Amino acid sequence: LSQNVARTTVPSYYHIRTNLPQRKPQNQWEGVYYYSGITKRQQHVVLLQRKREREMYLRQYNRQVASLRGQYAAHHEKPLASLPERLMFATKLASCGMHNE
Amino acid sequence: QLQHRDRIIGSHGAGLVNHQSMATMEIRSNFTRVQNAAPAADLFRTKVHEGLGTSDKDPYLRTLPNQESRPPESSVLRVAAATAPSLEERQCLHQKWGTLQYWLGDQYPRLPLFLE
Amino acid sequence: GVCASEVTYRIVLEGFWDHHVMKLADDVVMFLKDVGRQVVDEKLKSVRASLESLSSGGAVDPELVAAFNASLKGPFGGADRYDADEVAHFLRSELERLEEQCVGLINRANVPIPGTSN
Amino acid sequence: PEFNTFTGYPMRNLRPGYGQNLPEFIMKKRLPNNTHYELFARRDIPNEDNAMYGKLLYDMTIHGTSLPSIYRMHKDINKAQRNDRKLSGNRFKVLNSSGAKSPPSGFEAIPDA
Amino acid sequence: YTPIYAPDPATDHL
Amino acid sequence: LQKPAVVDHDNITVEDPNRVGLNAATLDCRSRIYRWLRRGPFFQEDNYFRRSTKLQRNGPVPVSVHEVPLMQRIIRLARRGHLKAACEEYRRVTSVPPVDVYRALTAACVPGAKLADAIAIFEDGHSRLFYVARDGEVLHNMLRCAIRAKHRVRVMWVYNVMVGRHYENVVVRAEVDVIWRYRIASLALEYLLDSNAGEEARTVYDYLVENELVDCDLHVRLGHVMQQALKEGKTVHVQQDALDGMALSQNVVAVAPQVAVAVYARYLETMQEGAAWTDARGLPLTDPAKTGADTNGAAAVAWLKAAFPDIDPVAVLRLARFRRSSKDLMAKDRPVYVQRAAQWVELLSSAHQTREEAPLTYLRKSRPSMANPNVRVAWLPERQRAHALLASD
Amino acid sequence: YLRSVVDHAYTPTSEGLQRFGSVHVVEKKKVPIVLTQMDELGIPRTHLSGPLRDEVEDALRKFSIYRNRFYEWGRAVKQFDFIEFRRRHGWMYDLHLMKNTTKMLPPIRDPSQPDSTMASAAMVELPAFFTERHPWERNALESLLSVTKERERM
Amino acid sequence: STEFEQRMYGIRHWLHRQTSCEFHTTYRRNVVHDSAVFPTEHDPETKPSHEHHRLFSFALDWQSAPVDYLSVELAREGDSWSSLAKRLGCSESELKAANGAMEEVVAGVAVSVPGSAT
Amino acid sequence: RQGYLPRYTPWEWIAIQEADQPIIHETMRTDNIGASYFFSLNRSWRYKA
Amino acid sequence: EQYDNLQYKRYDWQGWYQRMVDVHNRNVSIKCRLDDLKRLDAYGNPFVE
Amino acid sequence: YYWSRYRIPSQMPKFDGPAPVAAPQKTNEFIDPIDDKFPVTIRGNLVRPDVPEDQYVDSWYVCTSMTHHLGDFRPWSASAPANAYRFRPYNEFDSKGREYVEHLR
Amino acid sequence: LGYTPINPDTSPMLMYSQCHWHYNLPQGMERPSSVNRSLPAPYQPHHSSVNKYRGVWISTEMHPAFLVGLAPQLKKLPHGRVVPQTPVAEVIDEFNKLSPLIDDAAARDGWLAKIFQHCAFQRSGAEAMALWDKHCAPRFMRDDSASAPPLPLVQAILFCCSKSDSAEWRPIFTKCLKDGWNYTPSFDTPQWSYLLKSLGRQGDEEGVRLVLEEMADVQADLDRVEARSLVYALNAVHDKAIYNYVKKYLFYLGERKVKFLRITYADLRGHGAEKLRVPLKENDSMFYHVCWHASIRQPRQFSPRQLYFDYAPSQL
Amino acid sequence: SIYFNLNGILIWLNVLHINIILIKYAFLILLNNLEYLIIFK
Amino acid sequence: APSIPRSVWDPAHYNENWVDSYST
Amino acid sequence: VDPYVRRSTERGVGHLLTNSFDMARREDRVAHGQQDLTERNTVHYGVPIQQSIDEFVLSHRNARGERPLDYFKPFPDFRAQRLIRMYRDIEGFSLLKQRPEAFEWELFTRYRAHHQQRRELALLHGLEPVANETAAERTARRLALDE
RNA sequence: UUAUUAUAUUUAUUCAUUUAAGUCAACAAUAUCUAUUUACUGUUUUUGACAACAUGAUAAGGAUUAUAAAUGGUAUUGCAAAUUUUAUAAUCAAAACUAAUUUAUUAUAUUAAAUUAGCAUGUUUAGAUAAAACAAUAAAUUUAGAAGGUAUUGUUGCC
């Protein structure tokens with residue numbers, strides 16, 4: 001490693017006959033370290049989690065845009081009466097992203 | 001209250017920095033240490049703090065904070081500040097709660113208005 | 001008044017040398033004078049907002065107007081009822097004080113200059 | 001007030017017979033828990049750098065291995081210098097004598113001349 | 001202390 | 001000495017055979033003592049609690065010790081209503097209390113609305129005693145403790161811990177089960193909309209919509225139905241065909257016209273204040289008498305699921321039926337129940353609050369006057385010959 | 001509101017202020033403030049957006065410390081392990097215990113009287129960017145045309 | 001403002017060298033004196049005396065305040081709503097509001113004593 | 001090197017220092033429930049009052 | 001509320017010295033001006049005369 | 001090194017001179033030989049510059065006085081408003097005279 | 001000036017020397033120390049998580065209506081975090097008889113799932129294993145049928161076949177890799193904990209070949225797998241080929257876990273073997289390689305009098 | 001490392017004093033007892 | 001409430017009366 | 001991947017614009033003259049207004065050329081200690097040319113001092129200007145004031 | 001005994017205290033994604049700080065540099081940083097004087113709680129002898145300035 005370097009002077013009768021410090025003096029402003037961070041997997045986990053949750057809302061909508069096959073029944077097989085489930089297919093399909101349909 | 005409060009303090013030099021300068025040395029010898037600087041870059045996406053000194057609008061070191069500025073939230077007591085009766089205060093007066101100063105202060109006493 | 005407040009924090013610095021603590025007690029002042037001025041100013045920006053002609057925010061909560069009227073025996077005859085109005089008046093009857101105490105602070109914050117710091 | 005040391009509170013009870021073996025006293029005794037004596041228990045220790053941490057942990061991180069206190073160094077070097085120059089004072093005193101009173105199967109020490 | 005483990009069977013991955 | 005020092009209590013002897021004491025002058029004592037004087041503020045305290053009394057390797061909580069008679073006393077004492085007697089005795093408890101303790105403890109906080117106490121009980125057993133307090137029965141009390149206190153704030157704060165965070169629900173695996181969560185949620189929904197809590201009520205309901213727990217009342221009712229049929233050998237199916245015919249799913253149908261004709265008037269009579277032309281075609285909502293109300297089954301449910309699409313109207317009427325009190329308002333008080341449900345289909349819906357908005361004034365766009373900042377030139381559509389141009393131009 | 005703060009807490013300053021560390025990290029400290037104000041306001045903290053909770057949970061772990069950790073967090077191991085971690089990770093210049101600064105900048109001679117004896121009244125470990133030899137005075141970009149490391153004369 | 005306070009408790013970091021500080025916060029706090037828990041009731045018929053205040057009296061003579069009171073009461077064989085409100089010394093209407101779930105009294109079920117009971 | 005020692009800690013280092021250490025969760029001082037006279041002071045033997 | 005920012009800030013004594021300086025500040029000086037109590041009450045009786 | 005700080009960064013002044021004038025030739029060195037023989041009638045009784053005392057900080061281990069201002073000295077003018085009698089914040093009374101007139105007011 | 005060193009945090013002659021501040025100077029802040037917020041470290045404690053569930057979760061998947069109806073017939077099974085002690089025969093009887101009544105293929109799985117948790121906790125996986133034979137493996141595993149098991153099923157049964165040693169993990173587990181339902185990643189770390197030890201209990205060194213290969217392949221917490229487990233999956237290995245594979249494998253485990261492996265392995269084998277309900281087969285070669293491998297990944301403390309004791313000064 | 005000019009260095013090792021002067025009155029009077037006592041000025 | 005309040009970094013919030021440093 | 005360098009608007013507004021809406025809005029704010037909202041993603045706390053003046057004074061060694069002559073008197077007050085600034089109260093006067101002629105400046109200060117004693121009489125007698133006034137009251141007050 | 005400055009000056013005296021040895025290493029348990037790490041075991045070769053010799057180092061002590069804010073010293077006093085080569089000597093409860101380097105309370109009123117002092121009454125009486133000039137109050141019987149040494153840190157000198 002390169003970070004490491006000789007932090008202690010070679011044992012000698014200087015260490016005894018000298019008021020030089022054995023250890024450094026503490027720095028008032030050096031905030032106390034403490035474990036606060038995310039690992040690789042813990043990141044990859046919370047990464048992987050959010051992927052799952054977005055799928056469900058996609059899967060909900062994309063499986064619910066099957067209201068096209070609900071719609072497809074009307075126009076071609078039997079159109080409808082103007083009762084709800086005509087407006088409900090109107091309200092949904094408009095808010096479902098089938099602006100034209 | 002500086003005259004031209006908009007420009008004098010809205011300048012990149014607080015109205016006191018000579019942006020109108022080539023980076024050239026003057027006739028003196030003490031300045032001959034530095035010379036006339038090479039042309040400023042023509043295609044330069046420069047750093048927000050710095051500049052190319054080509055003009056006032058581009059100082060060598062920009063000063064105006066990019067974030068927009070609010071005016072200082074003034075220390076006037078609007079609660080007892082004399083105010084003129086707006087048309088609604090002519091209109092919506094019966095729906096006002098005010099201290100007897102408000103109803104009878106010389107600065108638009110709202111009682112003769114209410115009576116009127 | 002110059003000593004009216006809702007919360008009074010007292011910070012007691014402690015240094016081995018007098019001139020240390022003084023120069024420090026001078027520093028935190030010109031620190032708290034900054035954060036103190038700004039933080040109180042935002043609420044003052046909120047207070048004047050919570051009052052004006054089409055500035056509602058003290059529009060009384062249906063919950064609050066209940067608590068004033070959640071009392072078996074009130075001020076003047078029997079069992080009492082306040083209308084939402086005087087409730088919305090009682091509130092403004094108090095913000096007027098939280099302003100006078102607020103703006104009276106910003107003023108005493110801006111007085112000390114480096115020329116005449118006391 | 002007219003007295004010099006006016007503290008306003010009654011400092012001492014002027015009951016002369018007041019002792020610590022008394023019942024009422026012990027009701028109002030201050031437990032030594034978390035007082036001057038606690039601070040002196042943990043701060044007033046022989047090697048004031050040990051209260052901060054175990055030294056080995058420090059010489060494990062800052063240094064690479066545990067190093068002995070400055071005394072053992074001066075003990076160690078001075079043994080070497082005398083032993084390099086002189087002999088005949090070397091008293092082979094060890095904590096456990098087994099290693100010496102019975103050397104292992106190998107380890108035939110070179111005859112020291 | 002090297003080699004620790006026998007690397008792999010001799011191969012021609014291309 | 002050689003084995004990790006485990007202090008024994010019964011086998012303590014003058015000679016101290018196991019050598020589990022910080023002796024003074026034995027070899028290798030310096031490094032041992034210097035660890036003592038560097039012990040944390042809670043070292044003899046936390047170690048003794050952590051060394052023993054840890055969750056079971058199989059997963060459960062290590063309840064049983066000879067201390068169980070103490071716990072029986074509490075559930076013998078708490079159920080009687082002697083709450084302070086329980087607590088001033090509960091301090092003697094040492095091991096982890098089983099969940100039946102707190103069920104009895106928080107049960108005593110219900111009668112006097114001692115909401116401050118139930119929570120203090122909760123936060124103790126919650127995350128400080130290995131999450132044993134995480135029980136759908138326990139929070140069911142605190143909620144009923146907050147209601148009597150009428151403190152809507154903590155109601156959601158109970159809901160805050162009810163669904164829990166990723167910690168309490170994943171690594172601790174102490175999640176409030178599906179059935180108990182529905183009850184607590186329904187208890188939550190039940191109070192607010194009677195206290196007319198507008199926004200906070202709309203929040204929690206979406207959770208039931210999101211977790212699709214919206215129809216558990218049918219499920220918990222059909223669940224009780226399936227109890228016998230399993231014992232008797234009948235084949236049980238959970239399908240919509242039953243849910244279209246359950247007694248609860250039936251009475252809601254029949255009671256709808258009163259519901260429909262109530263909300264219409266309660267819409268009308270209110271807007272009568274804001275917009276004068278109530279009782280006129282100048283209103284968004286449509287007459288239920290000019291559709292399948294009064295004989296609801298025709299179109300009233302089609303009228304509800306129309307005017308209130310954001311919330312599910314069939315669900316809230318299953319909630320509006322009873323109170324917390326289990327008194328079936330539907331059968332025992334018709335006008336109260338409907339005018340009750342008039343609140344729930346109203347407040348839970350946000351779209352319905354939109355149609356319930358009064359006409360406001362039209363602000364006049366303005367360009368600033370020359371004199372002063374606050375003084376502004378008004379945009380009269382009149383006082384310009386060119387009639388087609390607007391303020392934006 | 002929070003989506004603003006965690007965004008604002010990331011907004012980086014200009015060059016002149018980013019010379020020590022990101023200055024706007026302090027705004028995530030305002031999350032334990034608001035998270036708590038969210039409870040008393042009756043707004044559930046478990047209804048914050050899923051994605052938002054990736055960062056709000058980060059703020060707490062960054063800026064919220066319970067006492068029973070505050071009583072036992074500056075332990076001997078809990079600090080050296082953090083140094084031990086960096087030693088494995090390879091960046092220890094910022095750590096005080098393992099900081100070994102050696103270059104002592106000389107005193108700039110006042111040409112008033114270059115015979116004026118100089119000394120050191122104080123010494124303090126600042127990084128280079130305060131007084132690094134005038135970047136034009138010093139030679140061309142050297143991290144690329146050279147590798148530079150201080151070692152002691154054996 | 002708690003946002004301001006956490007500017008304050010961060011002053012301890014950047015203080016001038018060798019200078020510790022201590023904070024004296026002094027904040028108003030709203031306190032409920034609910035008479036339901038602490039009832040301002042008459043004297044006890046047997047007045048306690050000095051015999052109840054020897055040493056260790058706090059240990060053996062007084063259940064730490066507040067006094068425990070029963071909030072749960074079982075309706076007896078034929079009590080009515082006014083008859084229960086009788087024995088609890090409370091208002092029948094307050095009793096009707098107190099126990100929401102209790103519309104009909106069934107002998108043997110415990111009524112929840114109202115908070116305002118005497 | 002030239003004597004310009006800051007009379008005041010600059011605003012920058014204020015933010016940088018004040019963000020290296022976390023808020024104590026207890027100094028938040030929020031309480032709308034009240035005080036628990038029966039139970040709070042009698043809590044479990046581990047974290048007891 | 002007094003936390004330490006001196007030699008007592010970081011190492012193994014971080015706890016017990018912190019515990020001391022708080023158990024040494026266990027006081028909470030509850031105060032209330034009696035004249036404030038001279039308000040009405042929800043029963044309608046004058047509270048404190 | 002933990003000691004690489006403690007070396008000296010510059011070249012210390014060097015010893016190429018004789019004993020200064022009249023200094024060591026018993027005689028306690030601390031007293032300036034000629035400066036103290038300078039008659040007080042001409043220089044006064046002052047030892048440290050006549051400035052408001054609060055500037056000086058009682059030194060440690062070095063028995064003298066040192067200014068908490070780094071060698072700068074603010075005259076008495078800065079300790080008062082413009083043209084203050086006897087350099088008081090207010091002209092009207094002294095310390096005690098402003099102590100007890102406070103109460104009487 | 002002596003053996004007792006000077007405390008650099010409390011000495012003026014030091015603190016007020018030139019190599020630090022003097023008490024006169026403006027005394028401001030020297031340099032802001034942004035450590036925890038520029039390069040922050042994550043929280044890897046030594047004291048294990050106090051409130052971690054410490055087990056597999058079976059995660060009921062029945063419809064809410066069933067939960068209410070199935071409540072008593074499910075309550076003999078382990079509830080959320082709480083497990084009674086009914087005999088497994090009392091359970092499997094209850095399921096088989098009540099199975100046809102439940103019109104749900106899904107609910108019965110969750111029903112059958114808790115039974116696995118029940119039998120596994122009761123170590124009676126052998127009988128419930130037959131329930132896998134009668135009920136589950138046909139409709140799900142047989143010949144790549146379209147009906148894929150809901151996650152809890154294999155989640156449960158893999159604990160069942162693991163807690164009580166039964167070699168029927170290999171058929172199901174192999175259908176959980178990339179080829180089959182690919183339920184491999186969703187596993188928690190405890191899942192592989194009991195899984196590996198079961199192999200080590202059994203001795204399936206070739207099963208250690210499979211599951212370990214998936215661990216790195218899946219990017220699971222290969223460090224957080226409990227040491228008591230990995231000791232078993234290593235100790236069962238005696239053949240040459242897997243022995244080579246394990247040497248390549250350890251360089252995935254972090255040095256900290258590696259330093260505790262040679263601590264727990266040297267414990268479960270020799271000193272505190274009493275913990276182990278199963279007496280370990282004693283493989284010395286796997287034993288030595290680990291103790292050597294750990295003292296390599298760790299830093300090498302320089303002990304001079306060891307290495308150079310007999311070293312010869314070559315004067316030529 | 002800040003600096004301002006020197007007046008007299010005073011190496012008071014246990015051996016002796018060697019008091020150099022470049023006279024002024026004073027300012028802060030520094031001090032170092034690392035190994036050799038010196039009184040900067 | 002940013003870390004550096006608006007009082008400092010702003011033209012309109014400038015304290016015209018605040019005298020510079022090398023004057024006093 | 002570092003968020004701080006990611007937010008950096010140095011190389012341009014490019015990497016911060018994804019949605020076609022904002023890019024469309026990017027072209028509006030630039031046109032009408034407002035600030036592009038994306039540029040603020042990397043905030044520029046410009047050097048504070050004093051630190052500009054402070055940098056100036058240090059360069060000119062107290063900048064004697066621009067300090068008023070009152071500062072060089074004894075006991076200078078904060079009014080004089082700040083630099084020379086053409087304050088607004090010189091606005092109305094026009095007889096003053098950029099070169100003050102014989103006594104021209106002396107006349108002005110009286111006109112200033114006169115207006116100040118007007119700002120007094122306007123106050124104590126209740127003729128202050130209000131934020132809500134209109135031109136109809138403005139003449140109704142000023143003429144009433146000039147009385 | 002040379003032409004802004006004082007010693008003659010009270011107030012005191014009987015005084016002692018010490019015990020019964022023990023250092024050859026480090027180890028999160030609650031609310032941050034799971035390690036049984038639960039109970040992290042590897043068998044043993046030295047002699048200074050001592051009961052002993054083992055260099056440094058800060059005190060006590062008045063005798064001839066203030067008139068507009070000061071009366072206690074360096075040569076050294078037990079435990080301190082390079083000389084080792086018999087040896088555990090450390091306060092813990094309940095305990096025994098031989099010691100130069102110390103205010104002890106002297107006759108109206110006298111033991112209240114961790115255990116605390118019974119013989120010495122004899123004219124505030126031998127010889128020796130103790131300490132002030134400082135917010136107090138004594139200001140004169142009186143002073144630089146000429147002088148020798150067989151010693152050679154010098155009269156406790158040498159002869």
# chains A, B, ... in the order shown; residues from 1 in each chain; ligands from 1
$ residues_around --residues "stretch 5-14 of chain E" --least-positions-apart "4" --cutoff "10 Å" --atoms "only C-alpha atoms (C1' of nucleotides)" --output "JSON, numbers by chain"
{"L": [241, 243, 244, 245, 246, 247, 248]}
$ select_by_dssp --residues "chain O" --states "helix (DSSP H, G or I)" --output "ChimeraX atom specification"
/O:3-7,14-16,20-32,39-41,49-59,64-66,78-81,88-90,104-124,135-146
$ closest_residue --among "H:95, H:108, H:42, H:88" --to "residue H:74" --atoms "only C-alpha atoms"
H:108
$ residues_around --residues "residue N:18" --least-positions-apart "2" --cutoff "12 Å" --atoms "only C-alpha atoms (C1' of nucleotides)" --output "list in words"
residues 110, 111, 112, 113, 114, 115, 116 and 117 of chain C; 8, 13, 14, 15, 16, 20, 21, 23 and 24 of chain N; 49, 50, 51, 53, 54, 77, 78, 79, 80, 81, 82 and 83 of chain O
$ interface_residues --of "chain C" --to "chain J" --cutoff "6 Å" --atoms "only C-alpha atoms" --output "VMD selection string"
chain C and resid 71 to 73
$ write_last_selection --atoms "N, CA, C and O atoms" --output "CSV table (one decimal), in the first residue's frame"
chain,number,residue,atom,x,y,z
C,71,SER,N,-66.7,23.9,25.5
C,71,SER,CA,-66.7,24.3,26.9
C,71,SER,C,-68.2,24.4,27.4
C,71,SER,O,-69.0,25.0,26.7
C,72,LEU,N,-68.5,23.8,28.5
C,72,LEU,CA,-69.8,23.7,29.0
C,72,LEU,C,-70.4,25.1,29.3
C,72,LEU,O,-71.6,25.3,29.3
C,73,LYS,N,-69.5,26.0,29.7
C,73,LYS,CA,-69.9,27.3,30.3
C,73,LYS,C,-68.9,28.4,30.0
C,73,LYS,O,-67.8,28.4,30.5
$ select_by_dssp --residues "chain M" --states "strand (DSSP E or B)" --output "PyMOL selection string"
chain M and resi 10-11+19+32+38
$ residues_around --residues "residue M:2" --least-positions-apart "6" --cutoff "9 Å" --atoms "only C-alpha atoms (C1' of nucleotides)" --output "number ranges by chain"
G: 107, 120-124; I: 1-5
$ interface_residues --of "chain B" --to "chain C" --cutoff "10 Å" --atoms "only C-alpha atoms" --output "compact mmCIF listing (two decimals) with C-alpha atoms, in the first residue's frame"
# COMPACT_ATOMS: atom_id res chain seq x y z
CA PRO B 72 -35.62 42.38 1.82
CA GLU B 73 -38.72 41.50 3.79
CA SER B 74 -39.33 44.94 5.19
CA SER B 75 -39.76 45.70 8.87
CA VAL B 76 -42.93 47.78 8.50
CA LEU B 77 -45.87 46.91 10.76
CA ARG B 78 -48.55 46.44 8.14
CA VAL B 79 -50.79 45.58 11.12
CA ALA B 80 -50.92 49.25 12.16
CA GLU B 88 -63.72 46.59 -1.70
CA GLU B 89 -63.04 48.28 1.64
CA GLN B 95 -67.22 42.42 7.08
CA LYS B 96 -64.27 44.16 8.76
CA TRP B 97 -62.99 43.86 12.33
CA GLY B 98 -60.75 46.77 13.24
$ atom_distance --atom1 "atom CA of residue H:79" --atom2 "atom CA of residue H:35"
26.7 Å
$ decode --residues "stretch 6-17 of chain M" --atoms "N, CA, C and O atoms" --output "compact mmCIF listing (two decimals), in the first residue's frame"
# COMPACT_ATOMS: atom_id res chain seq x y z
N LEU M 6 10.88 38.29 13.69
CA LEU M 6 11.46 37.89 14.97
C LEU M 6 12.24 39.04 15.57
O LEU M 6 12.72 39.92 14.85
N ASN M 7 12.38 39.03 16.90
CA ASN M 7 13.14 40.05 17.62
C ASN M 7 14.32 39.46 18.38
O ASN M 7 15.42 40.01 18.32
N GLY M 8 14.12 38.36 19.09
CA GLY M 8 15.21 37.71 19.79
C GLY M 8 14.91 36.26 20.11
O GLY M 8 13.85 35.95 20.66
N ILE M 9 15.84 35.36 19.78
CA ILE M 9 15.68 33.93 20.04
C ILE M 9 16.53 33.59 21.24
O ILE M 9 17.63 34.14 21.41
N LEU M 10 16.03 32.72 22.11
CA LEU M 10 16.62 32.51 23.43
C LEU M 10 16.69 31.01 23.72
O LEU M 10 15.80 30.46 24.37
N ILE M 11 17.78 30.37 23.30
CA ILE M 11 17.89 28.93 23.44
C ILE M 11 18.35 28.57 24.84
O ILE M 11 19.56 28.50 25.11
N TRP M 12 17.40 28.33 25.75
CA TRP M 12 17.72 28.04 27.14
C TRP M 12 17.70 26.54 27.40
O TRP M 12 16.90 26.02 28.18
N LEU M 13 18.61 25.84 26.75
CA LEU M 13 18.79 24.43 27.07
C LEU M 13 19.30 24.35 28.51
O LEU M 13 19.69 25.37 29.08
N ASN M 14 19.30 23.16 29.11
CA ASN M 14 19.79 23.05 30.48
C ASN M 14 21.26 23.46 30.57
O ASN M 14 21.76 23.74 31.67
N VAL M 15 21.96 23.50 29.44
CA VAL M 15 23.36 23.87 29.45
C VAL M 15 23.53 25.35 29.76
O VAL M 15 24.27 25.73 30.68
N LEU M 16 22.85 26.22 29.02
CA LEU M 16 23.06 27.65 29.22
C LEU M 16 21.98 28.49 28.56
O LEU M 16 21.01 27.97 28.01
N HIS M 17 22.15 29.81 28.63
CA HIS M 17 21.33 30.76 27.89
C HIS M 17 22.20 31.35 26.79
O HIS M 17 23.40 31.55 26.99
